[PDB]
Amino acid sequence: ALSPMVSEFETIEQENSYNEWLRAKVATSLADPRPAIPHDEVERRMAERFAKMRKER
Amino acid sequence: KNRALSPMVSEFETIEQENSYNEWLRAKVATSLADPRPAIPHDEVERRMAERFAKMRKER
Amino acid sequence: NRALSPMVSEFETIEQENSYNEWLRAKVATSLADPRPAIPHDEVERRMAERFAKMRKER
Amino acid sequence: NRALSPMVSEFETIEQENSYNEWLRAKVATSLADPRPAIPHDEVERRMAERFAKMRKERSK
Amino acid sequence: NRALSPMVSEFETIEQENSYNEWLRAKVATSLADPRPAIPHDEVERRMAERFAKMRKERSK
Amino acid sequence: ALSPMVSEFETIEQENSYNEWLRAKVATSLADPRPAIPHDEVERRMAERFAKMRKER
Amino acid sequence: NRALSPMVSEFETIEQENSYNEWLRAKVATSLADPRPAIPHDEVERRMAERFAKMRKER
Amino acid sequence: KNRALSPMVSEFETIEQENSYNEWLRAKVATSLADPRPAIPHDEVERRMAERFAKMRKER
Amino acid sequence: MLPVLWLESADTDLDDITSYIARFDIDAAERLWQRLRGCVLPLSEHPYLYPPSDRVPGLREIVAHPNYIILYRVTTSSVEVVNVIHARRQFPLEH
Amino acid sequence: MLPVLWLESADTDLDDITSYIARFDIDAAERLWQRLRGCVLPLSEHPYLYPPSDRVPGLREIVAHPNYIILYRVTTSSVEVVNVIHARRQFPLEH
Amino acid sequence: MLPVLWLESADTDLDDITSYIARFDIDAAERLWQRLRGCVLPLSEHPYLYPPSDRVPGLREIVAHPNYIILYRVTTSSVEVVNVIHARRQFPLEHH
Amino acid sequence: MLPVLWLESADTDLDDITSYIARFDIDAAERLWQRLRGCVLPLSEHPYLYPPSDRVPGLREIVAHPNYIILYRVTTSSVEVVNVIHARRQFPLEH
Amino acid sequence: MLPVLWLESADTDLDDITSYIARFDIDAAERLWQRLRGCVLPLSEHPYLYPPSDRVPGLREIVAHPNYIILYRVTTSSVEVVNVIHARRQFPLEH
Amino acid sequence: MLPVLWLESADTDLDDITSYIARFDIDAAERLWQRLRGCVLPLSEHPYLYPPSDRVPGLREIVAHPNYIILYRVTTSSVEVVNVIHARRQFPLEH
Amino acid sequence: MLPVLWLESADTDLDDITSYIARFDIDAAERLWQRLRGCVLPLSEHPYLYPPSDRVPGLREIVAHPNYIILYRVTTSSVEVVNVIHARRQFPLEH
Amino acid sequence: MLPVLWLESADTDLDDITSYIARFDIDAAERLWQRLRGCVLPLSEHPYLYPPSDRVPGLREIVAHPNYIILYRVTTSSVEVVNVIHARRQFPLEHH
């Protein structure tokens, strides 16, 4: 158990389950072979993403 | 009107909380700025801190 | 006199281009000679949020 | 389509703005699809000095 | 004193080199001891545009 | 005792005496009030130093 | 023709200044057209230490 | 001629050591460069290393 | 000075987070990307600016918003956005 | 380059926030101040680094931690910590 | 590193320009301020970045948008926004 | 640090603008190039300096002059000048 | 990052060189200043770029042109242009 | 940007140097390789960083440790570790 | 990019080391300063280049020569040369 | 980041210039190479640092010393020292 002032979680096991998940996530993301794309390509993939959503109206 | 927000879209549970939080913050900052007591530099706060924890550690 | 090609200038006439330049020169010179002390970016930022908020209220 | 104020936009009417922005999109897409590999700054710089030199020769004749 | 080859030095004889280097030392020392506070680049830039403008006016007269 | 391949010192106590001295030296140097001088001033103090030595010939 | 003031140019004559420029232009153009592949800085560095060492030996 | 150097002026005890060290280094590099065996990239040396220490740790 | 790069996996996170927010407010999903952006790009000149991650070592934490964290690593040649996560809940997920 | 200054009211918030965290974990109230520090001081050379506050105009928000926000204003002559607040709840107290 | 400061007269411009732009597009007024902002602040670490003004010497021009220019001066101790103007027309022509 | 490179198509744009201008003022043609060039090079050390293009995504806009825009893309190995355009009219044409 | 400042004495040098040159070529006066200026500004981000002066210690030499040298000193708060001199002759004079 | 390569002979030196340090302290032979690493790899982006070798021309010296020197050559296409040697004694061995 | 600064105490070391070497070879004392220089200045653009000191934490070690080490600290606003020491013996000393 | 390379012809210059300078001052020949070096190498991280050559377009001039100029070109993949010349006289005038 944890007080909200003390931690962003709820219990001591939440500070275990979330952090093991995050550790496993990053380790998956780093082991991933797909090369890192530069900021301006992400920027491009973004404008395309929001544009596709705005069209669904 | 009163709605139930997702913890993925806002840091507040409801919209009523956000309004009363944002008026509180506005009032807090406005109190803090209107306050006459002169601003102390970072190293004095740093000093007031080390003193604070030291006084607590002494309480067994 | 002589009007200018849009590729050549952002103005239509030479006469105009200058009238603009003299205006800008007079404007800057007025703005610099101004005694009122310079306000930091965050205060302008404040004056902005305040400005739009006052307009949105006039709904 | 409606008219635009110069404070609002760099264009005279929206019709123009649309025409221009589709042209620019088509231009960039043409320029990127182009096979000719990118030349470094100093070569463009070279092609420039040569360009103005050829013009200055044409004025004094 | 002896003569210098242009490959060896930017001066004609050592005598000059010494004369020049003492002058430069005295110049810098004068310039540093000077009380007038240092002006930022854009003010020198301003003083420049003004300088050339005044000259160009003097040529077309 | 230490082998020269293993350490730049001679004995295990040398890896104690030198490192305590260095720790005390840095701690003296950091506690020092005299403000840090920029590279070009050190450069100046240097040319002056060698010049004074060359004159002693 | 016209010789130049030392403040104005690093040459004595206009005639000269140009003769130098044309020479430099021809030199660069020869040096670029040269087929022998470019050697990296550290090899030039090597060729240097070698050069001075060979001279110091001629004592 | 043979001299006794200070460990504050040279990494060598005597001048005789410096000469025979610098001829050795010259001969070593010249052997290493003339060597036909192709150069291996950093990550392969890295691999050969982890393998080396692992084999040693296994020796009780 | 280091170039700002994102891992393919940190961009797959960006869709999964924006798409989820678009269901309620499409502009909130947009505003988030602008606060995300305003953290990621400043790193090009100030990489060692955000403290190291406690939960994940060798990574750095950007609490961009109370509910959102950017995780980056400063490489030999670039600043790398590793993942973007919800600071309180286990979201987005591996697929 | 601007000197880092705190408003007396922002330090009374540090007192009310750390004197409360100490009751559950005395080290957590310490760790917080160290994340509160390595976010307030970096501002001396980079003061226009954190985005402007939406709720409070003329101020800048530092989401130091999912539950905590630093509010500062970049003056003519200094970087000023205005208040430190709980990002989720109305805390610390009035006096 | 230099602090970014604005002259009262440069803000007086921002006012006139957003109040005017808004009477057509309240978001365009907003968006403009965000493009002006994204020019003005980057100057704190890179002040000598925008070229010097031709029309006004000792000042530097930021063509923030085809119709809008930011004019700043890099002082001994700060980066100073002198005026914000419409790049093509005489506006905002201070009425007092 | 990234090397500054131009696309063949952006140069065959520079030629076009300079040729039209020269028809009136050959020095204005020159002055433009100093400024166009004095925009492109600063990017080598500050690549994420100019905002992203709205009309063309994945590109960045340099309003070099009221009538002229430089469009560049930063990449993996270089800053790339894509095209140079008149900010107000459809000119120069693609070929 | 350091701001570029000139000593009053180096400017009252720039005037001198430009006035003498103009006596022959007023454009050569101009061309020089573009180059002198295009030497001084790059120092703001790369101050330790030009080697130290041999003749004058604590100063750095910029051979801007075969006939001209810029002398600068970097300090605590700014890069300072001390004097501009003719690399070969004693000119301009101090006053 | 240049790839980091080692000569077969420089790796046989690593073998002869670490297989000897392990006899007294197996961790010291490990720690050495980690200081030998974080000095060889940084060269990929900064290869002209270490000064040229005096004793051996065309090579560059890295005094990685008071007792150990890395010798590398910056080729047309790579950074090449030539040999790793004892800065004080004639070691490793010939074969 | 950080400016290179030396502590008054690291310069007092420089004399004490050069003056000691001048007794035997005045040029060796000079050559040392040139190898010292060639380590200290490169740090302005690559500060986090030399590994952290083991013996002294929060400092970084430059083994400039088998017998000499440069100790520096990378501050909020500068690269600071703390002390220069003999890598094998306790020299120079406190006075 | 670009690798620093020299053309065979630029080294052929260095040779002629040091062999000539040396016949008066063997240290001056050395010192020159150290000033040329301290110009050439810094280009790897800052290539667009020296201004373009007026006499030779597409090349960049380094006035390393009042009497000596380094001429380099920033290629797609490297910084290339084209020639090293005496800034005032036609030397070294390649005899073959």
# chains A, B, ... in the order shown; residues from 1 in each chain; ligands from 1
$ residues_around --residues "residue 57 in chain F" --least-positions-apart "5" --cutoff "12 Å" --atoms "only C-alpha atoms" --output "PyMOL selection string"
(chain F and resi 50-52) or (chain O and resi 22+26)
$ write_last_selection --atoms "N, CA, C and O atoms" --output "tab-separated table (two decimals), in the first residue's frame"
chain	number	residue	atom	x	y	z
F	50	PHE	N	57.46	30.62	-19.60
F	50	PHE	CA	58.56	30.13	-20.43
F	50	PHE	C	59.49	31.26	-20.84
F	50	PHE	O	60.70	31.07	-20.83
F	51	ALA	N	58.93	32.45	-21.14
F	51	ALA	CA	59.71	33.63	-21.51
F	51	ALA	C	60.67	34.02	-20.39
F	51	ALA	O	61.83	34.30	-20.68
F	52	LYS	N	60.20	33.98	-19.13
F	52	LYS	CA	61.03	34.30	-17.97
F	52	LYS	C	62.17	33.30	-17.80
F	52	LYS	O	63.26	33.69	-17.39
O	22	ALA	N	62.24	22.30	-16.14
O	22	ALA	CA	63.18	23.29	-16.70
O	22	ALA	C	64.63	23.12	-16.21
O	22	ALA	O	65.55	23.54	-16.91
O	26	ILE	N	64.39	22.51	-20.57
O	26	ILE	CA	63.42	23.61	-20.65
O	26	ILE	C	62.41	23.36	-21.77
O	26	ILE	O	61.28	23.81	-21.66
$ select_by_dssp --residues "chain G" --states "helix (DSSP H, G or I)" --output "PyMOL selection string"
chain G and resi 14-33+41-57
$ write_last_selection --atoms "C-alpha atoms" --output "compact mmCIF listing (two decimals), in the first residue's frame"
# COMPACT_ATOMS: atom_id res chain seq x y z
CA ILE G 14 46.92 44.50 -61.18
CA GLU G 15 48.81 42.77 -64.03
CA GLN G 16 50.53 40.59 -61.30
CA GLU G 17 47.40 39.93 -59.16
CA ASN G 18 45.77 38.35 -62.16
CA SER G 19 48.88 36.45 -63.35
CA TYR G 20 48.74 34.94 -59.81
CA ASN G 21 45.05 34.24 -59.96
CA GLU G 22 45.29 32.51 -63.40
CA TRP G 23 48.18 30.43 -62.08
CA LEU G 24 46.17 29.38 -59.00
CA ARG G 25 43.17 28.56 -61.19
CA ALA G 26 45.34 26.44 -63.50
CA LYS G 27 47.05 24.81 -60.45
CA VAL G 28 43.78 23.81 -58.70
CA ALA G 29 42.33 22.55 -62.05
CA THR G 30 45.52 20.42 -62.56
CA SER G 31 45.37 19.19 -58.96
CA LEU G 32 41.69 18.23 -59.16
CA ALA G 33 41.93 16.53 -62.61
CA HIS G 41 45.71 13.33 -43.15
CA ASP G 42 47.64 10.78 -41.05
CA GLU G 43 49.58 9.58 -44.12
CA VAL G 44 50.59 13.23 -44.89
CA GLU G 45 51.50 13.47 -41.16
CA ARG G 46 53.69 10.32 -41.67
CA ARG G 47 55.28 11.75 -44.86
CA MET G 48 56.12 14.83 -42.83
CA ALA G 49 57.84 13.28 -39.84
CA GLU G 50 59.76 11.12 -42.43
CA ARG G 51 60.73 14.28 -44.39
CA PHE G 52 62.21 16.23 -41.46
CA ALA G 53 63.90 13.09 -40.09
CA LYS G 54 65.68 12.55 -43.44
CA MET G 55 66.89 16.19 -43.37
CA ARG G 56 68.14 16.10 -39.74
CA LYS G 57 70.23 13.03 -40.71
$ residues_around --residues "residue 14 in chain H" --least-positions-apart "2" --cutoff "6 Å" --atoms "only C-alpha atoms" --output "ChimeraX atom specification"
/H:3-5,12,16-17
$ residues_around --residues "residue 49 in chain L" --least-positions-apart "2" --cutoff "12 Å" --atoms "only C-alpha atoms" --output "number ranges by chain"
A: 40; I: 3, 41-42, 44-45; K: 38-43, 45-46, 49-50; L: 39-47, 51-52, 60-62, 72-74, 79
$ residues_around --residues "residue 20 in chain I" --least-positions-apart "3" --cutoff "10 Å" --atoms "only C-alpha atoms" --output "compact mmCIF listing (two decimals) with C-alpha atoms, in the first residue's frame"
# COMPACT_ATOMS: atom_id res chain seq x y z
CA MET B 8 -5.59 8.83 -20.16
CA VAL B 9 -7.25 12.13 -21.31
CA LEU I 14 2.65 7.59 -30.31
CA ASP I 15 -0.12 6.24 -32.58
CA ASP I 16 -1.48 3.88 -29.83
CA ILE I 17 -1.68 6.88 -27.43
CA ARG I 23 -12.07 8.62 -29.31
CA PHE I 24 -12.98 11.43 -26.85
CA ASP I 25 -11.08 14.57 -28.01
CA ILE I 26 -9.09 14.59 -31.28
CA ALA I 29 -4.44 13.88 -28.88
CA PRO I 92 0.51 1.19 -24.51
$ residues_around --residues "range 2-15 of chain F" --least-positions-apart "2" --cutoff "7 Å" --atoms "only C-alpha atoms" --output "PyMOL selection string"
(chain F and resi 17-19) or (chain N and resi 21+28+66-67) or (chain O and resi 88)
$ calpha_fit_and_write --fixed "chain C" --moving "chain G" --output "short mmCIF file (atom, residue, chain, number, x, y, z; two decimals) with C-alpha atoms, in the first residue's frame"
data_model
loop_
_atom_site.label_atom_id
_atom_site.label_comp_id
_atom_site.auth_asym_id
_atom_site.auth_seq_id
_atom_site.Cartn_x
_atom_site.Cartn_y
_atom_site.Cartn_z
CA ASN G 1 8.57 56.05 -59.96
CA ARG G 2 9.26 52.64 -61.68
CA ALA G 3 6.97 49.81 -60.38
CA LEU G 4 8.75 46.51 -59.60
CA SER G 5 8.35 42.81 -60.69
CA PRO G 6 7.00 40.62 -57.86
CA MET G 7 10.10 38.37 -58.05
CA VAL G 8 12.28 41.41 -57.58
CA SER G 9 10.37 43.05 -54.70
CA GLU G 10 7.73 42.51 -52.01
CA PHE G 11 6.37 46.02 -52.97
CA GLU G 12 4.52 47.21 -56.08
CA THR G 13 6.23 50.58 -56.66
CA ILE G 14 9.73 51.89 -55.90
CA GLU G 15 7.90 54.99 -54.58
CA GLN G 16 6.00 52.57 -52.18
CA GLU G 17 9.01 50.42 -51.16
CA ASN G 18 10.70 53.52 -49.86
CA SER G 19 7.57 55.03 -48.23
CA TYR G 20 7.52 51.68 -46.33
CA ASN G 21 11.19 51.77 -45.51
CA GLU G 22 11.02 55.39 -44.18
CA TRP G 23 8.01 54.42 -42.08
CA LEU G 24 9.86 51.41 -40.62
CA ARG G 25 12.92 53.57 -39.93
CA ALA G 26 10.76 56.18 -38.17
CA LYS G 27 8.87 53.40 -36.28
CA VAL G 28 12.03 51.66 -34.96
CA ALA G 29 13.57 55.08 -34.02
CA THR G 30 10.33 55.93 -32.10
CA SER G 31 10.30 52.49 -30.46
CA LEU G 32 13.95 52.68 -29.39
CA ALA G 33 13.78 56.30 -28.09
CA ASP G 34 10.68 55.20 -26.04
CA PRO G 35 11.46 55.44 -22.27
CA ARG G 36 9.05 52.71 -20.97
CA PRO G 37 11.40 49.84 -19.88
CA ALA G 38 11.53 46.54 -21.83
CA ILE G 39 9.24 43.74 -20.58
CA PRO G 40 10.54 40.12 -20.50
CA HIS G 41 9.12 37.47 -22.89
CA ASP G 42 7.03 35.75 -20.19
CA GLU G 43 5.16 39.00 -19.43
CA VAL G 44 4.31 39.39 -23.18
CA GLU G 45 3.27 35.69 -23.03
CA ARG G 46 0.99 36.63 -20.05
CA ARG G 47 -0.42 39.69 -21.89
CA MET G 48 -1.24 37.35 -24.75
CA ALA G 49 -3.12 34.62 -22.94
CA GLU G 50 -5.01 37.50 -21.17
CA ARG G 51 -5.79 39.13 -24.56
CA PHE G 52 -7.31 36.05 -26.23
CA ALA G 53 -9.17 35.10 -23.02
CA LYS G 54 -10.84 38.56 -22.93
CA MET G 55 -11.92 38.12 -26.59
CA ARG G 56 -13.31 34.57 -26.15
CA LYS G 57 -15.47 35.95 -23.29
CA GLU G 58 -17.15 38.42 -25.75
CA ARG G 59 -19.22 35.48 -27.15
#
